[PDB]
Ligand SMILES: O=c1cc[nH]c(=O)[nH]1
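As C-alpha cells, one chain now follows by itself in the form solved without the ligand.
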C-alpha cells in the first residue's frame, strides 16, 4: 500500500477539495502562500507509507520566503536555520555521538531515511502563522496519522508540544512507540525539550526491532559536473 492507495478516497472528500480551492484562490488574490503548490505534499513524496520509521509532527509551515518546502521543521538550502531547528540540532549535538552543528537546515535526507516530517497544517499565508489552521488540513492529517497507526507497525512518534501530543493522543502505544516532550521552540525548549532524549531513544527502538537507525546528521544534495 502507498499513500495514494489509502488516501485516494479521502482526497475526493469536499472538505479536502474545498481546502485546495481556498488555497488556489488565495494564491491568485494578492497573497503569497507557502509552501509552493508543488511542495505541499513533499513529506509524502519523500517517505512513502511503507517506509515510515519515525514520525515527527510540526504544526504550521514556516511562513517566510524560502523557508517552507513541505517538510516539518526543515528549510531550503541557503536559508538560515530557524530557532526551533537550531534547538533540535542542539539536543542532537548533546546526545548523538559524533554529531556536529550542520551548516544548513535542509532535512530531506531525514525524510529519505523514513522520517515523516509532517506538519499538521500544510499551507500558510506569508508572515501569518496559523492563518490556514481552520481550513481542512487538521482533518486531513488526522486521517493520515490514523492510517499510519492502522496500516503500519513499530513506528516511533515524536510528539513535541501540546498540539502534537493531542494530535497523537490515540496512537496505539503497544504496536507503536510514542515519545513526548515540550516543543523545540525557544519559548518551550528549556522546559523539557533539552534532555528529552528522543533521537537516541528512537534509534534504540528501531534497532531493538531489527530496523536500521536514522543518521540524524542532515545532508545537502551534492553537485555534479
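Numbering follows the first chain given and starts at 1.
J.: Comparing average C-alpha B factors as deposited, tell me which of 193-201 and 27-35 sits higher.
T.: For C-alpha atoms only, the mean B-factor is higher in 27-35.
J.: Mean CA B-factor: is it higher for 76-84 or for 116-124?
T.: So the stretch with the higher mean C-alpha B-factor is 76-84.
J.: Just to confirm, going by the entry's C-alpha B-factors, which of 49, 40, 57, 181 comes out highest?
T.: That would be 181.
J.: In terms of recorded Cα temperature factor, pick the maximum from 53, 69, 167, 175.
T.: Of the options given, 167 has the highest CA B-factor in the PDB entry.
J.: With respect to C-alpha B-factor, does residue 134 fall in the lowest, middle or highest third of the chain as deposited?
T.: Tercile = highest for this residue's CA B-factor.
J.: C-alpha B factor of residue 93, ranked within the chain: lowest, middle or highest third?
T.: Middle third by C-alpha B-factor.
J.: Just say lowest, middle or highest third for the CA B-factor of residue 111 relative to the other modelled residues in its chain.
T.: Highest third.
J.: Ranking the modelled residues of this chain by C-alpha B-factor as given in the entry, is residue 21 in the lowest, middle or highest third?
T.: Middle third of the chain for residue 21's C-alpha B-factor.
J.: If you rank the chain by CA B-factor, which third does residue 161 end up in: lowest, middle or highest?
T.: Middle third.
Keep in mind that the form solved in complex with the ligand is not shown, yet the notes after this line are about it.
J.: At 4.5 Å between heavy atoms, only one of the stretches 186-194, 39-47, 61-69, 171-179 reaches the ligand in the entry with it bound; which one is it?
T.: Among the candidates, contact is made by 61-69.
J.: Does at least one non-hydrogen atom of residue 119 fall within 4.5 angstroms of the ligand in the entry with it bound?
T.: Answer yes; at least one heavy atom of residue 119 falls within 4.5 Å of the ligand in the entry with it bound.
J.: Should residue 140 be counted as a contact of the ligand in the entry with it bound, where contact means heavy atoms within 4.5 Å?
T.: Residue 140 lies outside the contact set for the ligand.
J.: So in the entry with it bound, is the ligand close enough to residue 106 to count as touching (4.5 Å, heavy atoms)?
T.: Close contact is absent here: in the entry with it bound, residue 106 is far from the ligand, nothing within 4.5 Å, heavy atoms only.
J.: Using a 4.5 angstroms cut-off on non-hydrogen atoms, would residue 73 count as touching the ligand in the entry with it bound?
T.: The answer is yes: residue 73 has a heavy atom within 4.5 Å of the ligand.
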